[PDB]
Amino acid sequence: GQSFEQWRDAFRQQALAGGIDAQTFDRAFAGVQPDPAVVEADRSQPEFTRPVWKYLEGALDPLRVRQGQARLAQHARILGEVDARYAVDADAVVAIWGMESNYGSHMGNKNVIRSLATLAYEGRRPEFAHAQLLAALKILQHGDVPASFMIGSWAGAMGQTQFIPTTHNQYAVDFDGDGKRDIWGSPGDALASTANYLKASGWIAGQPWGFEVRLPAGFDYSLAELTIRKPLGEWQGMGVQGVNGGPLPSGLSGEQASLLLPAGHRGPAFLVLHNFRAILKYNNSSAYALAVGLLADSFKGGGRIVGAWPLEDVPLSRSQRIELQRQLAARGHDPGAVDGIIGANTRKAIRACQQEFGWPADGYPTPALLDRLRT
């Protein structure tokens, strides 16, 4: 509908046809109007972003580390039962909890029905919003949480776990058995739900997410791609070493790993294993997954990085990423579509251009690359 009420009355037909009952729908939509804050967040295309080292510095703030250590102690019994029932490490569950909602203190203060209805009505991604909105109404119908307390982010990520509704409906858990999968008010349900999702995503208990390594001179930096996986044994026989020199973790020699270079060839390097891939299913950002792994390590006194971060790491702005793609294509290094997203295709083009200049081909673009391109 053109008006929100028109859209709502029309959607009410689809909800009824989808199994939602009248009391639930009307209860859920009582007083609901579009939220301009949600529209703005949905439209937001940030010109500037922070370098990875600053993101990590925030994620690994000692205050978050110590709060996670406090949660590990406070909820030790539950975490033990969860760690044991789902075969997922407590430290990883708690790290995700820290990264997703600050252990439940920052869930958002937006009503999920209002936010998803707003996006359905006038958002850029109405298919997603409609689907999640129907899923949310089913959660209300089942009674996991009262409508008044169904809180989450502008995009519909809910509660302590920041599950979207369809993820809640497939992976949320009722830990205590009261019949409610309450990822808003129950740490037990939240922690078990997180573990269930990590396990479904392939978590292997006790296996490292990954670790920092040292690269040899003249290394083939084109190998730094999550789609490229090699047994640790193959990486070691290739020149890769433990971060302080020497061999890599034995016993794990058969495990498949990828090389991650979050700030290019001058920055630190990590080998990341299957459990890193599991974390990516929670949030598909390598920076996020690195933060989760290092935060989990930090609880036990690890998590800090031996290799120095490049001082000159000023990330390309959004318009600069678009400019980069256009400049690459102009020199015959096709990056695919010009969308401002540095994905696999663009990294391929970047590497070809770096090689043309005689630079290490790490696929990591910098202002200096853009400056060279526009001589």
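Residues carry their position along the shown sequence, with the first being 1.
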property: Of 16-24 and 352-360, the stretch whose C-alpha atoms average the higher B-factor in the entry; result: 16-24
property: Greater mean Cα temperature factor according to the PDB record, 332-340 or 66-74; result: 332-340
property: Maximum C-alpha temperature factor, selected from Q236, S286, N109, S193; result: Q236
property: Identity of residue with top Cα B-factor, from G251, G202, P165, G143; result: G251
property: Lowest, middle or highest third - CA B-factor, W97; result: lowest
property: Chain-relative CA temperature factor third for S148; result: lowest
property: Assigned third (lowest, middle, highest) for the C-alpha B factor of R124; result: highest
property: Ranked C-alpha temperature factor of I183 among modelled chain residues, by third; result: lowest
property: Third of the chain's Cα B-factor distribution that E81 belongs to, per the entry; result: middle
